[PDB]
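**Q** Here goes the first bit of my complex:
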Amino acid sequence: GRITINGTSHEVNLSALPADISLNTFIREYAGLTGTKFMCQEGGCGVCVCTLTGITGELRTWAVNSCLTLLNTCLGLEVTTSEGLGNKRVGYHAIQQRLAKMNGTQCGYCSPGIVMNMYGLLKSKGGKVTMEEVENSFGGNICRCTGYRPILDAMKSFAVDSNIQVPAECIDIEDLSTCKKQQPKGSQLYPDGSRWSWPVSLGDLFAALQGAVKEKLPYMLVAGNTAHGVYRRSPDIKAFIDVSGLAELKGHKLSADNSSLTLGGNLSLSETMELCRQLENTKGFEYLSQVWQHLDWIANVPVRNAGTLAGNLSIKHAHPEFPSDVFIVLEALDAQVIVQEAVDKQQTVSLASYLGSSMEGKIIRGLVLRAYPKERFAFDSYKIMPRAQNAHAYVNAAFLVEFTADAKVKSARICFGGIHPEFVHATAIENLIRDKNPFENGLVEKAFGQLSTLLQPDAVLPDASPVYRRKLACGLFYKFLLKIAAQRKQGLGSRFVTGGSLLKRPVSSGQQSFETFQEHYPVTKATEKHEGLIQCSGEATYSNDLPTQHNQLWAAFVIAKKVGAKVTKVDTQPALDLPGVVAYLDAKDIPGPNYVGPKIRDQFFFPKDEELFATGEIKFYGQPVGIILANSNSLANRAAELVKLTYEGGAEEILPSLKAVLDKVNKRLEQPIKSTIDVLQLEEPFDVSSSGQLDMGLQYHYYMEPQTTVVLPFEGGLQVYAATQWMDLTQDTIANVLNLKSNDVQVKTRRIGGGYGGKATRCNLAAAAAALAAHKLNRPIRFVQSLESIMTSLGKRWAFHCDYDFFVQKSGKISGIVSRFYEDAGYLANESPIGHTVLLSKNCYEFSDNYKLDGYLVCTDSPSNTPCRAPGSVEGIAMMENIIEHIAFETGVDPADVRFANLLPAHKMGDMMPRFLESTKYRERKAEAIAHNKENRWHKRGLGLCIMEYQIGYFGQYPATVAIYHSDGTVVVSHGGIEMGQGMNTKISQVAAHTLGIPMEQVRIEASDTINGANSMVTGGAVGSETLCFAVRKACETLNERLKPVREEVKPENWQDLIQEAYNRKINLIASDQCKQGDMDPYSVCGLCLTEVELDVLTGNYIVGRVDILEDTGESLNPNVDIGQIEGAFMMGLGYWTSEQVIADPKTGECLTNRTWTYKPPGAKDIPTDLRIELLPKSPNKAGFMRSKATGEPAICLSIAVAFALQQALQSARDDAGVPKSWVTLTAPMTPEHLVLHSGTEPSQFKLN
């Protein structure tokens, strides 16, 4: 057994490894290379992406997901990880260096995956790509920090057509212009009774396959192992047969007369796509440009490189409910399947026949496509997704229409997926249009109506509403007829034409405007990130990058699934029967209080008791009752699912959502905010009044580093390596739950791969579980929570509902507001954001005894909700800006004019807003959207304006130690702050360098720990960076004071001499200080966003176009850091208002949206096409630190501008639909589903003229 990684050979003893070990597990735990991450384990996120190289007799390199690829299919290949491309000593790779120097890495957890995707892309294309291709290729790489713009600028600069400005220190890429697969003979047996075969011929395959069938072994024909990503591979699989090495299952044959194309069953989707580009200029196969487009909508680059045609169809075969895009395309083209059942025994059958017949002992040998000449055949297809890429379809469709000489239908194949498991063809519609001209009077009207009636979609959560899916399938057929009308020069009505087009998305771009002041350098300089290069190279270590410890085990939660019930009996035997499963631990094992929190509690974070392990009534679906420990992460997760719980009782009403509780209205409601106005008096006169609602759901943090703690038993205490924003609380919780001394519980947190609030407190269920296990079993424990564990058992941004009345003059001037809001706490009242909702409820508007505000905390049967970027602040701004927009709507006054009518006097927003509307050309662009909306029925433009005054305040204390080395005058800092991607360390390095008077490069920041970080408050509130900067500058001012007398006496010529002279005098070159609440004055951050959208009314899909952001950052400590904070914050908010959606099962309470398959944050193509950010000039802060303002949180509150833009577009559709002019409740999120449901569209409106 043999694999090459980064140019080094590894002998693989297969007998000793799991049969199903992933390339990821092998890379991380056996080669010891921790650059390659994991998070989703299912192909959706990209953090695990590496490249394979193998033998036309030429070397091909392609990206794969290391989490999905099985080690045993990689034998003899060369594996490349980020570490393989460069490192500090040998020099960083062009791609690594370009991503760091162009500000495309924050937390850094996605950076290696990004680098290796780009490497894969460049190598597969002989180093020649377009900017468009580069932007198309990162659908599989989720970044939660950068908003992707700088990632796209960096990677686009490698393109032949690059128009990107590259920094002059960036090196040039090597020439990329254009090892053999190992295939042992016979099987390889495994202790557990598993077999691998590496057949070279079809004879060998059928030997292996007949073998497996006769010994009654469940088998798998292994290509990419990507199907696991969609439906988990059965544990019952014993015979693995690698088919990635059979030539006979690859390749293609154009028939002699160009009448048919035969495709290898196990061509990869990427190979099928390259084959499409080659044959799309061949008469009769021009339609393969549409097949290419539909394959480009499937999954992402690495899944398409690894995944195969036959693999996909095998999913459809096993799972009829699976709306395969390969299936719907091939069914519409009447593809034939070559089913082979021995070396000399094969049948060519219809797709439908393949699907209806057993495949036991049989393979797909190939697929047969016939020629469809351009003018005689119209072929088109659709995949409507909730975001731009890498999301399964609401509905997909493929349409094949043959036309006779006199423009009539000879035949039609009209196919939909996402309707119901037995629906394929719209048969009544194919028969309707047969032998007719589709454009003849009344036919399309009759066709919709009929189609609308025959679509009866199922309703299996978490799939979208049946009503949306029916309206979508109809709109798609309409869209097809509009498109082919345009192509065949059939007359259409001016207002209907664009209905047949897909939205224009140009190559995205950004602009940044900011000031720097050389007189403060290195402060206010725009710099790379302190850890940028180590983040991109995979040198940077996170908690789970700790090396393999001897006798280590992995932990996973065992969960209760019955809300209101009590667990009376636990059977662990099925878990413990698996070899490598060691133990189960529950509440009975906890020495100390069964409590997740500190010994001394407060009234904000910790007012309500929270168990580590449930001992009473189960409070939510997913509540942990214990942990399994096993010798692999895979086995721990699988064994934990096998522990059987017996329940006694159960709640007869489960209310797992804010809507469920409020619809039933009580012990679940508390009223922390009670207005001093009992009834609004409104003595002022008013011309317009109305009532409305605002509804905003949960948001999953989606940090790319999962919840992680490693605990080592050490010299009678514990060493804890925790991904936490608050080490002190981790330490406190572990010491309390185990009855230990805190000084024996040492926590080290060098960095975390994002937190956004979700690692403030929810890190401690896993940290305390891991520590419990390490303490009891006296062994290292690794607890890397699965995405499903995190999303099922841990909380999220609090959901928000508001009911309001407003009373205004015809100018939009507010006479009164009554508002009631409810925030969804989950099952515990802890960590309420309601204070900040109230703080920002007035935004920048003038009130006078005329704003009645009542606020309720609501407990639901769901995980305890937690802080998420700008908690309370987002809802406070959303609430007030919504009412502003609703006012504009009812009064007919422009939204800028309602804001002007209501602004506070003598206010910064009064200078900023007019200058912003001037520079963004707001007035002409608003008139433009309206003029366009008048000319077009199915494509609508909106412009949304959001303004804000965000409050910044300080809390807690943060220590910092600074030491100068006498050897060379270089500096180290270890502090109580956590670097989570926000550039705390970058800013700290500039401040230490500025204060001491030395270069930035001479400053290094070390790991945060419970020595130099003892007692430190949680890193959050956006003030972390400036707070640690205050601590470090104070410590450095102490060093300066000690150095001053040595300066004056020896008058040194340089820093090295000053420091050695101070060492000779025994000056202490170590200073420890802190920053505490009150060291700095609090302040506000004013921001404005203008967002432009184009809405496709028929699908609900939109493209966010130009976005303009102006924020007061004061004099920015680092414009690069602050631009990146604004883009990231805005983009997380753009997610909240677009594609991110959490669905709780209304009968069980289970969080159904619990993996990448079912939860969709912004991708690379979901961002604004034109992102322009301005840091306000000539605006020094009188308060805070060094004239600067925080940037980590405020911009997420401006993101509702996107919803305001879709709202204008949706209102224009409603107008055209004849809906009486009426407000539609704004919703986080504004999904395609939401917009089609409220657009007033009816299939009777589907006209050609």
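**A** Arrived safely. Numbers count the residues shown, from 1 in each chain, chains lettered A, B, ... in the order given.
**Q** quick one: the residue lying closest to residue A:750 once chain neighbours are set aside and residue A:982, what's the gap?
**A** Closest residue to residue A:750 apart from its sequence neighbours, by CB to CB, 6 or more residues apart in numbering: residue A:1007 at 3.9 Å. For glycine as for every other residue, the C-beta is placed from the backbone atoms N, C-alpha and C. Counting by CB to CB, to the nearest Å, the gap from residue A:1007 to residue A:982 is 17 Å.
**Q** What residues of the helix or strand where residue A:61 lies count as buried?
**A** Using DSSP states H and E, residue A:61 falls within strand A:60-65. Buried residues in strand A:60-65, defined by neighbour count with 16 or more other CB atoms under 10 Å: A:61, A:62, A:63, A:64, A:65.
**Q** What distance do you get for the residue nearest to the first one when sequence neighbours are not counted to residue A:85?
**A** By the measure of CB to CB, 6+ apart, the closest residue to residue A:61 outside its immediate chain neighbours is residue A:123, 3.6 Å from it. Using CB to CB, residue A:123 is found at 11 Å from residue A:85.
**Q** The two: who's more crowded?
**A** residue A:85 (26 against 19; other CB atoms under 10 Å).
**Q** Next, give phi and psi for the more buried one.
**A** The phi and psi values for residue A:85, taken as degrees, to the nearest 10, are phi -90, psi -30.
**Q** so what's the closest residue in space to it that isn't next to it in sequence up against?
**A** Excluding the flanking residues, the one nearest residue A:85 by CB to CB, 6+ apart is residue A:93, at 3.5 Å. By CB atoms under 8 Å, 6 or more residues apart in numbering, the contact list for residue A:93 reads A:85, A:86, A:115, A:119, A:537.
**Q** If you rank these by neighbours, which is first?
**A** The contacts of residue A:93, ranked by neighbours (other CB under 10 Å): first place residue A:115, 32 neighbours.
**Q** That one belongs to a helix, doesn't it?
**A** Yes. Counting by DSSP: H, G, I helix; E, B strand; the rest coil, residue A:115 is part of a helix.
**Q** Go ahead and confirm it touches residue A:83.
**A** No. Look at residue A:115 against residue A:83 with CB atoms under 8 Å: they stay out of range, at 10.2 Å.
**Q** Can you tell me what sits against the following helix or strand past the strand holding residue A:61?
**A** Once the chain leaves strand A:60-65, the next helix or strand it forms, by DSSP H and E, is strand A:78-80. Residues from elsewhere that reach strand A:78-80 (CB under 8 Å, 6+ apart): A:3-7, A:23, A:27, A:50-54, A:61, A:116, A:119, A:179.
**Q** Show me which of those is closest to residue A:868.
**A** residue A:116 (29.7 Å; CB to CB).
**Q** Now do that closest one against residue A:798, distance only.
**A** 37 Å.
**Q** List the contacts of the residue nearest to residue A:1057 when sequence neighbours are not counted.
**A** Closest residue to residue A:1057 apart from its sequence neighbours, by CB to CB, 6+ apart: residue A:1050 at 7.6 Å. Contact analysis of residue A:1050 by CB under 8 Å, 6+ apart lists A:1057, A:1058, A:1061.
**Q** Those into JSON lines, with extra columns for neighbour count, secondary structure and distance to residue A:991?
**A** Below are those laid out as JSON lines (neighbours: other CB atoms under 10 Å; DSSP: H, G, I helix; E, B strand; the rest coil; distance: CB to CB, whole Å):
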{"residue": "A:1057", "neighbour count": "14", "secondary structure": "helix", "distance to residue A:991": "24"}
{"residue": "A:1058", "neighbour count": "20", "secondary structure": "helix", "distance to residue A:991": "20"}
{"residue": "A:1061", "neighbour count": "18", "secondary structure": "helix", "distance to residue A:991": "25"}
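**Q** and chain B on top of that:
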Amino acid sequence: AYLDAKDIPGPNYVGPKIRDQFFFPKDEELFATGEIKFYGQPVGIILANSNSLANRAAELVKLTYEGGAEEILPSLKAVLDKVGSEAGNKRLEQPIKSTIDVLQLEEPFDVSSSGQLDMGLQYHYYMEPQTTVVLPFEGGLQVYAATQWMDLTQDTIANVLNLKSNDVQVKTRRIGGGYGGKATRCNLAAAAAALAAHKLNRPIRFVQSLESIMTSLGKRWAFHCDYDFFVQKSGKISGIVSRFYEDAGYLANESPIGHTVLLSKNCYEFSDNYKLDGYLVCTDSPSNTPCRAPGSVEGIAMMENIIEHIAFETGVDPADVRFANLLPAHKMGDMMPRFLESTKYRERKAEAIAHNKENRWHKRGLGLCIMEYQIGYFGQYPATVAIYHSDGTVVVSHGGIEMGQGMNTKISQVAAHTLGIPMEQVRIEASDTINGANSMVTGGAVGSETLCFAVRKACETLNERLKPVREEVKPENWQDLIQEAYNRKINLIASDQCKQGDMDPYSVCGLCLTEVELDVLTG
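**A** Placing chain B onto the earlier chains gives this:
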């Protein structure tokens, strides 16, 4: 792999970027490049996948030599026999020239004699062998070094590898004995392990075999003394002439000779009547290094041996020769009479002489030694102390190295005493180059008390901060005080140091009486 001097990025030099006159006056190579200076001089390293294989493979690397020394002179005796005791040769220096060119007696004498004192090398025999483990880490190095001086280990590695000091982090939790042999000789293995870790980008473990340690590394400096004494019948010293020679091995670095001179008079009275000349001798042998009480051993040995020789020439009892020479109104004058009385010296000394008259082949002996040992301070030593708000437990991380001498035991007592909490509540964490940044070597027997001073001072800062809170809330217990301090955002972390001059120097008086029995036929 095999690595040698060709693979060194920076200077081929074991030591700091900025050198002194005591530790680093003379060039020392990591790997030899021209003339081999001693048998066992490393020229490179082999790296292998086990300790056994690495050691076996080292012996298989085939060296070809050219030329070779006329005469190899590997011991103090060899250099003095071949060169003579007179310095007018590159191998002999005279750091100590008596201001007396020739001794003139201002007192008359009844007995004169000449003698020699010969003391050889001593191997430290630390039970943990010379050990360094180096990990590549975020473009830098993590260094797990068995060292008495992290700062020198960091400085040396950073210099030889052309790295920033802040990218070379040394952690030393404890060592299994040092006794001076891990002050500087640790850095041959540490520099080599780091070079390999940096070049090969893998973890390197260097655990030096006993043979490697005793062949390639130095030892307690050997001592030779030639002396004349001139005394009265009583044993009262009229004059001494003393020449001594200390064996440096091939380099003059880390001379103990200054300490030999400081204790040469021990606790006896002299009047411009002690001629002392001291020579440093370079031998074809590993560079010799500090070993427990370097120079102090030889200085006391020299003076006490002269007392014992005087005793034997005059027939006066060794205690009585000491009485005749004691400095006036000295602590030793109070201690020695009480010591001789309580040990029953006079009786046991007579019992041994009586036993010896009766038995030809089984002889008894009684040996008396007295000393005044000088304790002085040098360098700066940092300490960081933190109190946890959760439970009031305390952690310390400092620039001292625990090598068994009980430094952490004493620190915990002092931190506990200063803060007013039980000892059990105090933990000491590993020494590192962050909280121990720039810290001097742990040696000179003052390490423990110097760190105790640094820790006490940090704990006094914490008390000053706790004082206002204690007077305001009048707490029932320490945990309540600490949590109230945390509530008011009092900083419960303090960092401070102890430097030379913070405490006053002093002497340690001691006496020893030893009884032996000797089998004359076997030895």
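**Q** ok, is the longest helix along chain A in contact with chain B or not?
**A** In chain A, assigned by DSSP state H, the helix with the most residues is helix A:1024-1050. No. Using CB under 8 Å from any CB of the partner chain, helix A:1024-1050 never reaches chain B; the gap is at least 9.4 Å.
**Q** residues in the stretch 1-150 of chain A within reach of chain B, list them.
**A** Checking the stretch 1-150 of chain A against chain B by CB under 8 Å from any CB, the hits are A:87, A:88, A:89.
**Q** hmm, 10 Å instead?
**A** The stretch 1-150 of chain A comes close to chain B at residues A:32, A:83, A:87, A:88, A:89, A:90, A:92, as judged by CB under 10 Å from any CB of the partner chain.
**Q** Tell me what angle the host helix or strand of residue A:963 forms with helix A:1024-1050.
**A** In the assignment (DSSP H and E), residue A:963 maps to strand A:957-964. Relative orientation of strand A:957-964 and helix A:1024-1050, computed by axes from the mean of the first three to the mean of the last three CA atoms, to 10 degrees: 40 degrees.
**Q** Name the strands paired with whatever helix or strand comes next after strand A:957-964 and say parallel or antiparallel.
**A** Next helix or strand after strand A:957-964 toward the C-terminus (DSSP H and E): strand A:971-975. Here strand A:971-975 is paired, per DSSP bridges, with strand A:957-964 (antiparallel), strand A:1003-1005 (parallel).
**Q** So residue B:437 sits against residue A:1004, correct?
**A** No. Here residue B:437 does not reach residue A:1004: they are 12.0 Å apart, not a contact under CB atoms under 10 Å.
**Q** buried stuff in the longest helix of chain A?
**A** A:1024-1036, A:1038-1039, A:1043, A:1046 (16 or more other CB atoms under 10 Å in any protein chain shown).
**Q** wait, residue B:355 sits on residue B:516?
**A** No. Applying CB under 10 Å, one finds residue B:355 not in contact with residue B:516, separated by 11.9 Å.
**Q** Mutual contacts of those two, please.
**A** Each of B:363, B:364 lies in contact with both residue B:355 and residue B:516 under the rule CB atoms under 10 Å, 6 or more residues apart in numbering or on different chains.
**Q** quick one, which of those two is more surrounded?
**A** Set side by side, residue B:355 and residue B:516 show more neighbours around residue B:355, with 13 against 10, by other CB atoms under 10 Å in any protein chain shown.
**Q** mind checking how far the more buried one is from residue B:513?
**A** Residue B:355 is 16 Å from residue B:513, by CB to CB.
**Q** Likewise for residue A:1234?
**A** 98 Å.
**Q** higher neighbour count, the two?
**A** Using other CB under 10 Å as the criterion, residue A:1234 and residue B:513 rank with residue A:1234 on top: 24 against 17.
**Q** got the contact list for that one?
**A** By CB under 10 Å, 6+ apart, the residues touching residue A:1234 are A:464-465, A:468, A:1100, A:1138, A:1141, A:1203, A:1206, A:1210, A:1224-1228.
**Q** Would you mind giving these as a markdown table with neighbour count, secondary structure and distance to chain B added?
**A** Formatted as a markdown table, those follow (neighbours: other CB atoms under 10 Å in any protein chain shown; DSSP: H, G, I helix; E, B strand; the rest coil; distance: CB to the nearest CB, whole Å):
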| residue | neighbour count | secondary structure | distance to chain B |
| --- | --- | --- | --- |
| A:464 | 25 | coil | 46 |
| A:465 | 16 | coil | 50 |
| A:468 | 22 | helix | 49 |
| A:1100 | 28 | coil | 46 |
| A:1138 | 27 | coil | 37 |
| A:1141 | 24 | coil | 38 |
| A:1203 | 31 | helix | 40 |
| A:1206 | 26 | helix | 44 |
| A:1210 | 26 | helix | 50 |
| A:1224 | 20 | coil | 49 |
| A:1225 | 14 | coil | 44 |
| A:1226 | 24 | strand | 41 |
| A:1227 | 18 | strand | 42 |
| A:1228 | 27 | strand | 37 |
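**Q** Thank you, goodbye.
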